[PDB]
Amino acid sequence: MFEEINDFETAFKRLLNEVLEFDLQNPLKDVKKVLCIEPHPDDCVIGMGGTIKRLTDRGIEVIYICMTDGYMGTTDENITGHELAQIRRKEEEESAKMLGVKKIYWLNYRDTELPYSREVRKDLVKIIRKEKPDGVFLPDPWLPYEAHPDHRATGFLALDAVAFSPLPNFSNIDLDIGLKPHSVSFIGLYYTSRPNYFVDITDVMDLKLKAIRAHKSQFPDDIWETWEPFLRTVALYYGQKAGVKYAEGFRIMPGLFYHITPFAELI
């Protein structure tokens, strides 16, 4: 019912606490397996590398999905995109090990050329339906001034895949060959400007930064002079709001708030 209620603030608090059982305090309660979905090789480590270490240690299985092949990411006129792909595959495998990640799916869409297509949704759902994960981390597609199409696409496609994985009529051949529908229990947005849940990474920062530099191709010493200070400044932004030094921010909301929720911004 809820007919008896006359205040919005009352109905809001009752909707989150009683109806949805939304737990912002310990939101990872029953999570044994998560997917981290990264646009490019290095996006998971840069975005939430610290948190992935902490989850790996607490004994939680972490699987990467890498949307693109990193083909474009060099100014060096001597490295063909084909070489760079081969390289950045090895660089992610090394970064992965340092953080405790064992499995990585490679979609192999070309860097800069990631469709916001039905086909890519179907690919992501196939994996979600197989690995039956409890949680999914994906980049916030509403991050202001994000000018990289592969990031915007990955964010939207991830949410669509999460939302449609439980619908048996969606990519129905997945069912006809064994894969049953699946509902993810937890959705975390990384790389967000409106985080509502933080993770202290002050202890783990040095490992995070070493696991980033594992991506040698992306971070020679030239480049690293600018990126190290940046990455620290990011951790401090998140830290300020979490009252620690170095933190990683995430936006966590109930699945319901990703649809026709005009008060979604109030968490």
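Don't overthink the numbering: it's just position in the shown sequence, from 1.
Query raised in the report: Do the C-alpha atoms of 41-49 or of 22-30 have the higher average B factor in the entry?
Result: That would be 22-30.
Query raised in the report: For the C-alpha atoms alone, is the average B factor greater in 94-102 or in 108-116, going by the entry?
Result: Taking the mean C-alpha B-factor of 108-116 and of 94-102, the larger value falls to 94-102.
Query - Largest Cα B-factor, entry values, listed residues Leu179, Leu124, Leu189, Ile87 - result: Among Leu179, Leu124, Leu189, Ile87, the highest C-alpha B-factor in the entry belongs to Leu179.
Requested in this report: Just grab whichever of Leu209, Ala235, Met67, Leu55 has the top CA B-factor as deposited.
Outcome: It is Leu55.
Query - Chain third (lowest, middle, highest) by recorded CA B-factor, residue given as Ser217 - result: It belongs to the lowest third of the chain when residues are ordered by C-alpha B-factor.
Query - Third of the chain, ranked by Cα B-factor, where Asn78 sits - result: Its C-alpha B-factor, which the entry lists for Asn78, ranks in the highest third among residues of this chain.
Requested in this report: Grab the CA temperature factor for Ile60 from the record and place it in the lowest, middle or highest third of its chain.
Outcome: It belongs to the middle third of the chain when residues are ordered by C-alpha B-factor.
Requested in this report: Would you mind checking where the Cα B-factor of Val204 ranks among the modelled residues of its chain, as the lowest, middle or highest third?
Outcome: Middle third of the chain for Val204's C-alpha B-factor.
Query raised in the report: Hey, what third does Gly135 fall into on Cα B-factor, ranked over its chain?
Result: Answer is highest: the recorded C-alpha B-factor places it there.
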